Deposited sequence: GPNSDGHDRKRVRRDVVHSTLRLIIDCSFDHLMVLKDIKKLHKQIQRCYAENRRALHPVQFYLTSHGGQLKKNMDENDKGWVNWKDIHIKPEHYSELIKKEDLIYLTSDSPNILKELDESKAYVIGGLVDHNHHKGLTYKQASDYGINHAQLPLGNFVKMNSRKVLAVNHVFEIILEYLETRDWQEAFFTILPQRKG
């Protein structure tokens, strides 16, 4: 299939490894596998990044997904996203940001926190983004939906919005119902 990739850079910031138990690391690994499989099947796949790759996640990936070094159309880097992407290009996605995302800028790099929180580290990614001086925004969930979404849910919404250009349709397709 002749696939037209989106210029949008989508980074899973894996610098929170030490804040998760091995059980939550395995859950993050499972969510990353879902992001990879959905990106490879997307109409307009993003430039997928896995930054700060190390610790428990790297060892769990070395043990179960031995072929992660062979993985195609993914940037798996041990460096922090700050070391690889320009400060002005970054937008950290976080539910605690007061900024409401209206449109996606395909020239920017959007960051998703590689964290299975369980509502324990409330406002952590928003605090780290504000301290570093980088831009931050929340998904326009409004009245459709804790508004905290899983790593793969945020990633899949970005892919669905690049296809539909309708936020309401993107949340409806990806988010699980009660």
(request) Could you list the ranges of the deposited sequence that have no C-alpha atoms in the model? (result) 1-13, 159-162, 196-197
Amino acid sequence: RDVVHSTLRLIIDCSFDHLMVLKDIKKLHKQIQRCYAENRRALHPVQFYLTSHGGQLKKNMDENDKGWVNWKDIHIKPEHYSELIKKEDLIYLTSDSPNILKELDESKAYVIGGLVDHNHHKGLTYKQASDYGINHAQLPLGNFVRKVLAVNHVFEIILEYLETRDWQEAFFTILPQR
From here on, numbers count along this sequence of modelled residues.
(request) Could you check the entry and say whether 57-65 or 108-116 has the higher mean CA B-factor? (result) 57-65
(message) When the Cα temperature factors in the entry are averaged, is it 68-76 or 95-103 that ends up higher?
(response) 68-76
(message) Highest recorded C-alpha temperature factor, please, choosing from 28, 150, 145, 137.
(response) 145
(message) Is residue 165 in the lowest, middle or highest third of its chain when residues are ranked by C-alpha B-factor?
(response) highest
(message) Which third, lowest, middle or highest, does the C-alpha temperature factor of residue 39 belong to within its own chain?
(response) middle
(request) Classify residue 8 as lowest, middle or highest third according to the C-alpha B-factor given in the PDB entry, relative to its own chain. (result) lowest
(message) Which third, lowest, middle or highest, does the C-alpha temperature factor of residue 126 belong to within its own chain?
(response) middle
